[PDB]
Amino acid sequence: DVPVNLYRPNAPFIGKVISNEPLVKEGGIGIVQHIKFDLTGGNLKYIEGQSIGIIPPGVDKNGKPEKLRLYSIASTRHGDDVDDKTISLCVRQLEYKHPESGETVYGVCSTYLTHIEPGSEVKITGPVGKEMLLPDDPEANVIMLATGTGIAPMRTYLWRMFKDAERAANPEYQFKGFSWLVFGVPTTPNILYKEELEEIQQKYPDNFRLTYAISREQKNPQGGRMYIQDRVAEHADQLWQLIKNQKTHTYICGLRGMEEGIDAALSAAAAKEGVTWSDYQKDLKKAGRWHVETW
């Protein structure tokens, strides 16, 4: 019964930004912001795993209106306020060099948001998606593989799982299963939510496992940069075993560049046990326990 598109892209909800706290601490790379909007009075309800769209002002080169962009929701259904009045996004300002002219180029909607001023009205659409929904089963297991801003939904799971206030507010959902987040980022200053993430590993040690793949501070066995799939291979067998359990849901959010690695590792660990991942997986997917959201 997931609520979808309570706001079409042609009648966006206009909400005021509440805060735009920065997530990349000194020294890290780029900019990644934690923007919280205020939905009060709009009836825009959503559930962990979904994502909303933001429509920047302006028009493109071709003179047409700037089409919306998606963004995984980073807050739970209650918002960081635990009052059902807000919603928050985890947004990295896009910034690259022109394939030919060297000129630095920033992204449109991403710079718009990363620099959005608290108190500014922002066009919001959605929520959409039913592929990253967290199972209601408190006894389920959650393996989470994400990179960069891909942590956004993982935050919405983890929070709804271990953040006290949430526990208090969600009597029906008192997590007891096992969760494991393999988080891929460039540097330590870039470990988005490092504070809370590592905090939850305190409160609930036997229920949350945080593995980091800090790409530019860690080298993998082959000499290369430590990426998610490397970690996923380091604890391959374990993961595989934890994946065979029928109460285990896996969630992947980030660059499809990982899918290849993750499949490679898991498929191998699945061979030692005479099993064909490519097919077993096809099932997890059909079963609805292989949630993948890449961009």
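Just count from 1 along the sequence shown to find any residue number.
Relative to its counterpart among 78 to 86 and 97 to 105, 97 to 105 has the higher mean temperature factor, C-alpha atoms as listed in the PDB entry. Mean C-alpha B-factor is higher over 207 to 215 than over the other stretch, the pair under comparison being 87 to 95 and 207 to 215. The top Cα temperature factor in the record, among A269, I35, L39, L68, falls on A269. Considering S72, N141, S110, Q174 together, the PDB entry gives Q174 the largest C-alpha B factor. In the PDB entry, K194 places in the middle third of its chain by CA B-factor. Looking at the C-alpha B-factors along this chain, the one for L158 belongs to the lowest third. In the PDB entry, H115 places in the lowest third of its chain by CA B-factor. Placement of the Cα temperature factor of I14 within the chain: lowest third of the modelled residues, per the deposited record. Sorting the modelled residues of the chain by their CA temperature factor places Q50 in the lowest third.
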